[PDB]
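Included below are structure tokens for two forms of one protein chain, each presented in isolation as structure 1 and structure 2.
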Structure 1
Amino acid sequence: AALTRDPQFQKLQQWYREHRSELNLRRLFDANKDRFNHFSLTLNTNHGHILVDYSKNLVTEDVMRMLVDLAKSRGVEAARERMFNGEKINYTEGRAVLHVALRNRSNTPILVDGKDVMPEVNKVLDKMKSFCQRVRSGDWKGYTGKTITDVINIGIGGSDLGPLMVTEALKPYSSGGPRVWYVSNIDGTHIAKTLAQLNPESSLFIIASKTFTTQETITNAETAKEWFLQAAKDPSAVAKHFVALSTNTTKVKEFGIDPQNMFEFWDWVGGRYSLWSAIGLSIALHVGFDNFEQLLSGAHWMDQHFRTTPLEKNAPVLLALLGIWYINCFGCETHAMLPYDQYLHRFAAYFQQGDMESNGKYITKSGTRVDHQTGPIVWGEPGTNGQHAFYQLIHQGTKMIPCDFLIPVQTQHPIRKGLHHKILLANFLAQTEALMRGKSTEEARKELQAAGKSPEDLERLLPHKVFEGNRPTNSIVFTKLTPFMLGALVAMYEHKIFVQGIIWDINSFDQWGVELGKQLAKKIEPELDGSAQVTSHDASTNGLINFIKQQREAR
């Protein structure tokens, strides 16, 4: 595969084989009091600063140089330019990759097949702005003349996770907006428990689906429309309560949706990169279009940082390279994302899709199977909650787990004269310090003697109180989690994912891996109907189906 044959990758491997045991963070920090300055970036966006502190990583200046040389050798800069120039870098689907055009506040032309996309982008944005103002002002009324109080986004995957994560993160900015609800699961619990809390007269449903044929989304959409019409009766009332994020005008009209309330997007918007498009309509409804534009503008800022900054100082590149080091050299299967911010409680879950569906791949551009690792398993919960759930394992288990710790300097809720945020910050800082430093046998012994333990007591407990440390982390600290700042942070990780995928020589922008399960579910659905035993699959699938049929009729 391309990566394994790359001479800079082999150089990196050889260094790792020879020098791994020099990489002790305590020793590295004791030997270089300038280490923070050498291995951190400060970004001034003009709308807050971002400090990317990567100094608690198992790197030296030589390792960083080797990693930048690998990004050069693997052609990261040229790939980036192909992305931004509208070239068809989604090569298995023959498609451009232009989430960057969605937020191109400069309106610099970006051509696909020699035709600037920016006018179509801005046309949809202008329709979003108009519709948002009509709904939020009370001008748009439901079928009995009431203003909209609840907006229900129905969609799966990329049509769900981004808008949910952002409206959760930007909840303080929703004054004057309707409540937002997200229905994604086909499990009928999800739509049913949502509908039970809503009034049809004042609810607006947003059906998010390019095809308007997606099975889970359209089934949920049909269930919502049945509930709605059980109240309203008149099919013409659907057009006051249902809009579409889609291009299938025919299916949209057939559903009962006025086609001027179809908000379009394009094939070069991947679902897991789509919150910047029409898919973000629920964001703009909730926090207002001005704040949605701020979200776009932050992403645009980070797009320019990624385009103009030398690789050795380029935040998404450096994040990507550190990840390559831990994945392909240390062999770490996972990457933890730990935001110390309750509003970001769905941030890690968003990047499960964005990272794992992008880079959970094993065929390269040439059709060759990889012979190395690709994307990691991403996971996490917000701090400080995760501290009382799983940090025991991060500190004292048998797994090396690279962690990104993120936090805003300024809280949206400075209650108690700042006391809560002060304690939050202190834990953010202490945890990465603890992971780095650990606590030696001698240090733990001293503590146990001071506590008065008997000599046999102390020797018993002592090994359990030792922290081996040397556990690496990134700390990402930013002034305040505003719409602009969130946009910049999300875009940063988008470009990290891109850089990693170029290095591995995979297509970060397709998802052929979802097809087999879809095909097999369609074959099973009709077999569940009626009471006959099923024999057409492997013995386990049959056995499960026949247990299901047996237990359908248990009291």
Structure 2
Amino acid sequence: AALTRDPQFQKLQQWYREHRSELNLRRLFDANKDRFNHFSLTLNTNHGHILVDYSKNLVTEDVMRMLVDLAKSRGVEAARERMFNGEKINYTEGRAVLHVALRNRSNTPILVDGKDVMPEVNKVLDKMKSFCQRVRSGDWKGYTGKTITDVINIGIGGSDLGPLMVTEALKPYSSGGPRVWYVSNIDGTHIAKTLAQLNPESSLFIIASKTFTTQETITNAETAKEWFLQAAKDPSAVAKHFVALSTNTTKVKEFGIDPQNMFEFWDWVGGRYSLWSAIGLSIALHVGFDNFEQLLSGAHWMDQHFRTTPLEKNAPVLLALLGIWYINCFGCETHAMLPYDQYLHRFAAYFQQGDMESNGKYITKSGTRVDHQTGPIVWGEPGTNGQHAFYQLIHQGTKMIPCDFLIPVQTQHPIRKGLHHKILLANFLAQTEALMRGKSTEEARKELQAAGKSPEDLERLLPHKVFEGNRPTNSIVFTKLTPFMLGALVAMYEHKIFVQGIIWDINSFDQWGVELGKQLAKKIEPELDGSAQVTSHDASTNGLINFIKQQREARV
């Protein structure tokens, strides 16, 4: 694999072998009262600041220099230029990778095969803006002349989680918007309990499918159409209540949606990078097209930061490189994303998909097997809740877990004269300080003595209350979670994932495990019909099917 053969990588590994034991955060901060200034970026977007404080990481100036030299050696900048210039860097599928075109507010030409994509991007954005104005205003009416009160996105994966996470994050911007619902799971619970709360006369369905063939989405869409037509009877009424976000007009027409109700996107829009496209229509309906443009504008700002900033001060590049340090030298399997913001409750889940589906790969560009770690397991829940739960393992377990802590300075709900937000901020700050510092035997002993503990009881309990610390964090602090700032933060992590992929020499933009998934069930689905026991698979698959057939009509 290219990475293990890279001389900057070998130099990094050799340094780690010799100097690893010098990396003690308490000692590094005590020796350098300017450590924060040396290891932090502040970005002024003109619509809020982003502080990326990476000073609580197990790095020194020499480590950061070697990491930046690795990014140069691995051709990060040349790879970046290929992406932005519309070259087919999705080399397995032979596609461009142009989510950056979707939010290209400058309208600088971006050529695929010598043809500018921006006229087509802007045509779909115009169509979305006109449709959002009509639905939100009440101009667009249901089949009995009522205004739309409820918008239901039907889609899965990349056609589901981005719009869900963004509408959750920007809920305060939704006044005067229809309610938004996300139906994704084939589990009939999902559509059933959603439809039970809706009126067909005032419900608009958005069938979100790049291919328009995904079994979960097409099955959910047929169930919603059956429910709708049971009320409306007239197949003509479907053109007022179903629209499609797709690449395929033929499949859309075959399903029964007027192709005029199709909002188009392109092969070079990956599902997990698609919320910036027509896939974002549920966002624009919920918070208005103006706020959707602000979301694209923030992503565009961070695209420019990524493109023009020297590597050593480049936010997504440095987040990527800290990740490489922890994955490929320390051997950490996981990365925790811990936003101190209830509106961002689906933010970690969104990057669980964006990161793991991108860089969960083992075959390099030359078709050779990697001989090193690739993408980590991404997980997390919002603070402060995690502090009462899994933070126990982060503080006192046997695993090293790099954590990203994120928080807005200004809250959308400054209740009780900002008392809640002050407590939230203090916890955000105090947790990363404790993870870094820990607590020595002597500090814990002196606190137990002050608490009034007996001499044995104290020496019993003492070692259990000792924290080794040295647990590294990034703190990412931003003025306020506005549509623009959310756009910038999402795009920052997209480019972090892109940089890690280039360094690992994998294709961040295909998903052959997900493409396989979509063909796995077809062999077993017909075998589940009838009482007859199944013998066509391995013993376990067969046993599980036969148990399902047995329990199918058990009464409990």
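Just so we're on the same page, residue numbers count up from 1 along structure 1's sequence. Think of the rigid core as the biggest set of C-alphas that the two forms share within 1.5 Å after superposition. Shifts are known only where both forms have a C-alpha.
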| request: Determine, with the core as the superposition reference, the one member of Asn37, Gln519, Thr42, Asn46 that shifts its CA by 2 Å or more between structures 1 and 2. | output: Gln519
| field | After superposing on the core, C-alpha shift for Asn248 between structures 1 and 2 in angstrom | value | 1.7
| Rigid-core-superposed Cα shift at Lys127 between structures 1 and 2, Å | 0.1
| query | Superposing on the rigid core, where do three or more consecutive Cα atoms all move 2 Å or more between structures 1 and 2? | reply | 254-256, 514-520
